[PDB]
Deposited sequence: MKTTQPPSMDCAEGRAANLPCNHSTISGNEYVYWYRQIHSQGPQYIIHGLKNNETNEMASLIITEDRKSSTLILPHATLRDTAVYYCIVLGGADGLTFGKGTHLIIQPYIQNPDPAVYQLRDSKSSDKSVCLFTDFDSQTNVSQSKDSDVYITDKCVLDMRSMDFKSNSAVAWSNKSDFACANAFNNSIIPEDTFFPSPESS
């Protein structure tokens, strides 16, 4: 018995994340196991069930009456729930197998986005920081190899209850300037440039 599940999923934080899994060739004795791997770490067991809709401190699992489909429910999705979720079937002596899983990315609401490209100085080579931009906008890798652009990563200031997305760009090239740094992506029209 094998499992199929959406390769990627994007869910808003604060709302319940429902992850689907399909396992039509499952047998009566087989368990549904859910593991997650946050990126740089070993897998983490969440829940497992046979027939009943199981619930534990972490998440909840609901298996259909025909047992061919199951769902994982994370009651209130956070940035800590951003990981790849594996749905596996057990099992006899056969042993564990991970598929491509569901690469779940939990997106935050940016209350009031003020996109800006800021130039920072060494405490050379100068860096350009694209920050306070929408979670809907996507950043692209640089066309020119001599320029380096990191993908966006969401910051979390629990001290003030504020979240912000940010991408960094740098180059030793004379051509490089914060004005042409993120010219490779769909940069918003109201982006601040000091």
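Chemist: If I number the deposited sequence starting at 1, which residue ranges have no C-alpha coordinates at all?
Modeler: Going by the record, the segments left unmodelled (no C-alpha atoms) fall at 124 to 126, 198 to 202.
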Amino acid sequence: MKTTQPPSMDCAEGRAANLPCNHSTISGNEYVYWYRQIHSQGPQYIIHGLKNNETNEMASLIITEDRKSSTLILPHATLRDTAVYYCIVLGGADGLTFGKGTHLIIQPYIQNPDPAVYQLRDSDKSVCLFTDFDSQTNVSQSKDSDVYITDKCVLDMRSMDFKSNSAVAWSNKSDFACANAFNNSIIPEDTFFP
From here on, numbers count along this sequence of modelled residues.
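Chemist: Out of 17 to 25 and 169 to 177, which stretch has the higher average CA B-factor listed in the record?
Modeler: It is 169 to 177 that shows the higher mean C-alpha B-factor.
Chemist: Do the C-alpha atoms of 4 to 12 or of 183 to 191 have the higher average B factor in the entry?
Modeler: Stretch with the greater average CA B-factor: 183 to 191.
Chemist: Pick out which of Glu30, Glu54, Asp144, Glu57 has the highest C-alpha B-factor in the PDB entry.
Modeler: Result of the comparison over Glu30, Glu54, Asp144, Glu57: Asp144.
Chemist: When the CA B-factors of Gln37, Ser126, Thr150, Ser70 are compared as recorded in the entry, which is the largest?
Modeler: Highest CA B-factor of the listed options: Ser126.
Chemist: Where does the C-alpha B-factor of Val154 rank in its chain, lowest, middle or highest third?
Modeler: CA B-factor rank for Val154: middle third.
Chemist: Select lowest, middle or highest to describe the third in which the CA B-factor of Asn112 falls within its chain in this entry.
Modeler: Within its chain, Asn112 is a highest-third residue by C-alpha B-factor, going by the deposited values.
Chemist: Taking the entry's C-alpha B-factors for this chain, is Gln44 in the lowest, middle or highest third?
Modeler: CA B-factor rank for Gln44: lowest third.
Chemist: Taking the chain's C-alpha temperature factors as the reference, tell me which third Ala93 falls into: lowest, middle or highest.
Modeler: Tercile = highest for this residue's CA B-factor.
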